[PDB]
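What follows is one structure encoded as structure tokens, with my remarks underneath.
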Amino acid sequence: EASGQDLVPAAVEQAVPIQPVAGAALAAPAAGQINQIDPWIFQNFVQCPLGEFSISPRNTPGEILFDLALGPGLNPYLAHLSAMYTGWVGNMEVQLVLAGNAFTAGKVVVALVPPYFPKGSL
Amino acid sequence: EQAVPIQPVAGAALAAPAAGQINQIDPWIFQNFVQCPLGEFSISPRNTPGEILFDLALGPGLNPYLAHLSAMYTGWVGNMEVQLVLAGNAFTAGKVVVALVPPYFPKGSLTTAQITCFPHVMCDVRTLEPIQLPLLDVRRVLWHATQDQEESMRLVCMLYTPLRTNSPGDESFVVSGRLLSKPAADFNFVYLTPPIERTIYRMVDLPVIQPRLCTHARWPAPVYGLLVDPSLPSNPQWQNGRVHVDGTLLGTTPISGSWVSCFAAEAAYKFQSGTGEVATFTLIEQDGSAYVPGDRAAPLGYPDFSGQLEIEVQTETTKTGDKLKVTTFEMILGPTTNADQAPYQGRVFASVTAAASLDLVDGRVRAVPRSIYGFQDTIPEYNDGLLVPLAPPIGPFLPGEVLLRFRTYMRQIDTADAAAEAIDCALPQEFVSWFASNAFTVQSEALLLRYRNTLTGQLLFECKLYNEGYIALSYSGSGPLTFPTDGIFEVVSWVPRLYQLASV
Amino acid sequence: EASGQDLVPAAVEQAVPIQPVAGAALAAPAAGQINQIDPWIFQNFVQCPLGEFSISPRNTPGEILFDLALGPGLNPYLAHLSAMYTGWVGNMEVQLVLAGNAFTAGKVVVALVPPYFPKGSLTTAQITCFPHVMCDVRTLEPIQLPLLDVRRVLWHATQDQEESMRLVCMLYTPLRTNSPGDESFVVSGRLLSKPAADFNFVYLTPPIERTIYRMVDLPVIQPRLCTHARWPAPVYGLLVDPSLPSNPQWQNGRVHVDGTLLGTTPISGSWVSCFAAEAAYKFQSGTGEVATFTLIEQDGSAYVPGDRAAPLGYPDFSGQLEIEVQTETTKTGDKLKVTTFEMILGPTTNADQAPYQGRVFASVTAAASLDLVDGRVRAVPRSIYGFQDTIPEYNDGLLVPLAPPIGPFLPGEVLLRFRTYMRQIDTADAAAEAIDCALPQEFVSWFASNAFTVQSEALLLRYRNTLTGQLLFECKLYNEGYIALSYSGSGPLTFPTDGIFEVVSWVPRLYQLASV
Amino acid sequence: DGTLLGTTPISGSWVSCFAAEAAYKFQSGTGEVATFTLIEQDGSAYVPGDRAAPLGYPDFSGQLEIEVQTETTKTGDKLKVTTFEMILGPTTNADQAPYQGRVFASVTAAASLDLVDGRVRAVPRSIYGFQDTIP
């Protein structure tokens, strides 16, 4: 552990109110080919293409920090396998590493905006 | 946390026997906190203990899945459940007290010993997790009605003990807090009803028209650019283009855009051996309705700028061959120490400079302005020399806010002045005839407008619309800054009048 | 929980060595009436009248922070129920909220001093011999501690007479800060309190009006509308200024908090800076008309030399002032007429100017003899020539008993002046000079006609601008009828005149205010 | 219950006196003439409402001698408190508009008593021809 605990260690995936969602079990009988991705990609996390952002004190409230859309463009692998295949399915797990100095404050909110929502202001 | 001395309070089990239906709620609302945007605050080391940070009442307006869901139903009844997040780190100190004031209480100032005699929690500014606490529904009628802002249990949050922290040279460490709120287990709506749109829960949405096309409000000519100018008078009392957000029409503002700067009247033409053909118009509202001296300083549409202007009038001349003809006249608006221009009473004297006794005929007239002379952005003489009930000056801006302008240009006769200096209004007429044609209900004090470019999408500034009918903009420059005139105004939310914008 | 735990969270009532004490079980058979107090008062704590204190690094060790005595004056309820009943009993529970920044140090000690102990010194050597508790000025939670009722009579009376178990604390070892820049964190305290298991009142009497636990009500009227107490003119703006003398002894607009007048403060708003007198008009070949005014109270009652240095309402500045007088002259055709006299205050090298004895003089530059018959008349001012805000010669040049100077202030506190301007007759410049009182005349006429009971040393005020609803400053009000405000700037500082002074809570003298 | 009928001022000093912006001229007849534009005594502006006059305006007829502070532009004199002769009753000839905020005052001075414009409050010095009827 670090030293010390005048920080706030959120290690728990907070409870988001959204049902589970079926992945490549709705595309197995309608994509005429068997496919799997190397089972050692599912093991370690890895930085997205768009990986970095900064929260500087000049950023007012409301400035979208990182607006990243689900797809193969969220790994260096899944975006480099997705040049062979034509199409994808399924879920994903995203980490978020923001561990600012112990002399800071202020809070961010992450919102799983659904499809077909007009891009723009938010 | 949520240990306050209040008995449980029943809802939707006390108003079911006397309510036709008891409708339920999409059960994915009971599992998602939402924020009422007047539930934000920012403590700062320079805040004396006793300020009221947020004061908000129970209702369906605290949760935009209810402010909208309450257009289909007649009445609501039940509890809510709120939580407060304080964003402070472990090097701060100083308490904050949240109190559940009951729903019949003389509003006003509560000194820091009167906010703790209520039921209340006290919590530090070093608490990570949200401070959950319930918002029960203490009422006396069975179930409230949705189209009726009636009293209900309020939350008040007071800075009990000042903040004590260090702070760098920028920007002095505000401890910001937010509030969120979701329906409790038994918040039910009562009677289903065809959804009427103009219920009293509606963000005041502004017309989607670029300020370059909207018709100006003080001179009949399109807008030619909007700008800020801290050098010009910062508290003018123009009498046109003055509409409160909640619909009312301050001053002499007309609901058209064509009534502006032009009056209708019954004309009285008579010849004199001096200036010639003088005219004494007895005023009237343009549409035809008679005019009586009332609370507004002049008939609807009269000008509100001092200086000489000519008017164009159709005169049914009784000569031979020249039956009908539009001629120009000459009228003086300013005091000028000799002029019986009493619009407040309904008499305006306009003359010409003609040597012939051209025999006009009296009758109804509407007088469109043709050109100003010696323009002065100050009040004409609405009475002979006395006072007159007029609209109060625009304001008051927070320290570090300047009025937004909507500049148009006007015709002008002169001899050496070439630059066409001209007038500006607070809101283009397409906003006046839009706030008077909806009668929006007004939530607190000011909307957080935003002027977005239509194609690039990038913001330009965050103007704050004060519902007394103007648009303040945070600014610190020295000279008049000019903005692009091809964006779009769009609202964001309500906001407390103590809000601080982003400097431009 | 907070973040984090480099603080010290004393949540436990420390063990005080004192037996339990029976409350309203010794007054049940000797108070011929059943009584209970609303059972929802026993549930939540609530701030006392005297609730606030401050531990600033300047406070040496030994300075008593809060010395509060057990009684009904320790809740806003128990002090508002105790206007009906006559007498109380029983225990109480007091909290103590001192949660200073995590960069402080220093410790306080709280000692349940028993009754019949001589009030006064209580130095830092004999505050630990009592049954005490030591607590750090960093403690996070509130620190509960009891306040039992040690007594020898069954139930005390509800007049301040009785003596009960005070609960005094003391800045044991001083507060010193540790953060690396130009700031020491004054730790503010709070004090919440609730009646114990068996507090109870005894006999039910009529809720008399002028009772003893009226907190304070300052009149809800803007300083812009009030009337000045040193010149018949409205108030035109309040401000703070260190440049001017910060210890004057104005003999007008000087009332205690409990109404006791001081010096020569009138009760009217019209009696101000004027006087009634039996006139004596004569003529001589020099200046002309001479009036030997024999002073008399403005209402008509005869003047007498007393402790106050002048008749009620006599002007307490220095300089030449004109005067309006309604006189009935003998000249035919013009009998009744108002005329203007002139009177010079202060030393004049010809000074039988004894407003204390009862004689003053006026002189009009009349050519002929203004044949004016002597007569009782009042004299209202119209203009001042040589203004000097200092005490005039109340005797010829001798000593005269008068009101003490406005003080004393803490280090860094300035008098808060309600300022007005008076008509001026001068020759060179055109800046009408300014006079200023400590309390507008409405406050004097209000305190004089209410007779509150001051509790400890001062009332912590505020200033709520009613238009917008934001505070403006945190000014403290001493009992000697002046409003001290903490301030550090060099030039003056003017405040708006729409605020509503509202009392917040009692407070000792050592309360370090919030600078502006 | 606190309501303020009529035009009663709160401060006990606003009574029977009014503040106004002055505008002196000197006609060659009666003498100086000041056309006071009335203003609420605290300073805030005036608007014709439902009370008869600004707060504190006197409600008794009779020619009233006011005493007012003024400033002159002559030599050796900078400030001086002078008097005026205001008429309060109907007087059968006066463009007096206490409701609209315009009141006349004059003196008897053959010379041109030059005075600079400004803001002045007219406390009443003396009355003459008193009547207890509304002006």
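Line by line, the protein sequences give chains B, C, Y and P.
Position in the first sequence counted from 1, then plus 14, gives you full-length UniProt numbering.
Position in the second sequence counted from 1, then plus 26, gives you full-length UniProt numbering.
Position in the third sequence counted from 1, then plus 14, gives you full-length UniProt numbering.
Position in the fourth sequence counted from 1, then plus 271, gives you full-length UniProt numbering.
The beta carbon of each residue, even a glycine, is placed where N, CA and C say it ideally should be.
Residues of the segment 266–285 of chain Y whose Cβ lies closer than 8 Å to any Cβ of chain C: none. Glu311 (chain P) and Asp330 (chain P) have their C-alpha atoms roughly 16 Å apart. When 9 Å is used as the limit between beta carbons, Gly314 (chain P) is near no residue of chain C, the shortest such separation being about 15 Å. For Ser459 (chain Y), no chain B residue has a C-beta closer than 9 Å to its own C-beta; the minimum C-beta separation is roughly 51 Å. When secondary structure is reduced to three states using DSSP, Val518 (chain C) falls in the coil class, being assigned neither helix nor strand.
Interface flag for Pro406 (chain P) against chain C is unset, since no Cβ pair is found closer than 9 Å. Here DSSP, grouped into helix, strand and coil, assigns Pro86 (chain B) to helix. Residue state for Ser500 (chain Y) is assigned as strand, using DSSP reduced to three classes. By the criterion of a C-beta distance shorter than 7 Å, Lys351 (chain C) is surrounded in its chain by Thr341 and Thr343, once the five residues flanking it on both sides are discounted.
For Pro132 (chain B), not one C-beta of chain C is nearer than 9 Å to its own C-beta.
When DSSP assignments are scanned along the segment 421–446 of chain Y, the uninterrupted stretches of beta strand (DSSP E) that are 3 or more residues long and fall wholly within it turn out to be 427–435. For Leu485 (chain Y), the secondary structure class from DSSP, reduced to helix, strand or coil, is strand. For the pair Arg165 (chain Y) and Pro129 (chain Y), the CB atoms are nearer than the 9 Å cut-off.
Apart from sequence neighbours up to five positions away, the residues of its chain that approach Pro419 (chain C) with a beta-carbon distance below 7 Å are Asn261, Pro262 and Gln263, ordered along the chain.
If the five residues before and after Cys62 (chain C) are omitted, its C-beta is found closer than 8 Å to the C-beta atoms of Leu82, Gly87, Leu88, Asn89, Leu205 and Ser207, all from its own chain and listed in chain order.
If you draw a straight line from the Cα of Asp163 (chain Y) to the Cα of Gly46 (chain Y), it is about 21 Å long.
Residues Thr278, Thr279, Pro280, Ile281, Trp285, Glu311 and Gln312 of the same chain have their beta carbon placed closer than 8 Å to that of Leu326 (chain Y), with the five preceding and five following residues left out of the count.
Listed in chain order, the non-local C-beta contacts of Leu79 (chain C) below 8 Å within the same chain comprise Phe67, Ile69, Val122, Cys183, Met184, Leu185 and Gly203, local neighbours out to five positions each way being set aside.
With respect to the C-alpha of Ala93 (chain B), the residue from B:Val60, B:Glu27 and B:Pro71 having the closest C-alpha is B:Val60.
Residue environment: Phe432 (chain C) is assigned as buried (16 or more neighbouring CB atoms within 10 Å of its CB, all protein chains considered). The C-beta distance from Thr137 (chain C) to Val518 (chain Y) rounds to 5 Å, short enough to meet the 8 Å contact threshold. Chain C has a Cβ within less than 9 Å of the Cβ of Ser135 (chain B). DSSP, read as helix, strand or coil, puts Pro43 (chain Y) in helix. Listed along the chain, the chain B residues whose CB falls inside 7 Å of the CB of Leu154 (chain C) are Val22. Taking every protein chain shown into account, the CB of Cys143 (chain Y) has fewer than 16 other CB atoms within 10 angstroms, so this residue is exposed.
Taken through DSSP and simplified to helix, strand or coil, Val458 (chain C) comes out as helix.
By the C-beta criterion, the segment 36–51 of chain C is judged not to be in contact with the segment 443–453 of chain Y, since fewer than 3 inter-stretch pairs fall below 8 Å. Ranking C:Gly411, C:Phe461, C:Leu473 and C:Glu516 by CA distance to the CA of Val374 (chain P) puts C:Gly411 first. When secondary structure is reduced to three states using DSSP, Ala97 (chain C) falls in the helix class.
Burial is judged here by how many other beta carbons sit within 10 angstroms of a residue's own beta carbon; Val22 (chain B) has fewer than 16 and is exposed. Using a CB distance cut-off of 9 Å, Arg228 (chain C) does not count as an interface residue toward chain B. In the three-state DSSP reduction, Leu527 (chain C) falls in the coil class, being neither helix nor strand. Spanning the alpha carbons of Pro34 (chain C) and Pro160 (chain C) requires a straight line of approximately 10 Å. Residues of the segment 415–449 of chain Y with a C-beta atom less than 8 Å from some C-beta of chain P are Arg437, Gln438, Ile439, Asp440, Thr441, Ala442, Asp443, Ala444 and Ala446, listed in chain order.
For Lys296 (chain Y), the enclosing beta strand (DSSP E) starts and ends at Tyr295 to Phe297.
With respect to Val26 (chain Y), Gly114 (chain Y) sits apart: the two C-beta atoms are not nearer than 9 Å.
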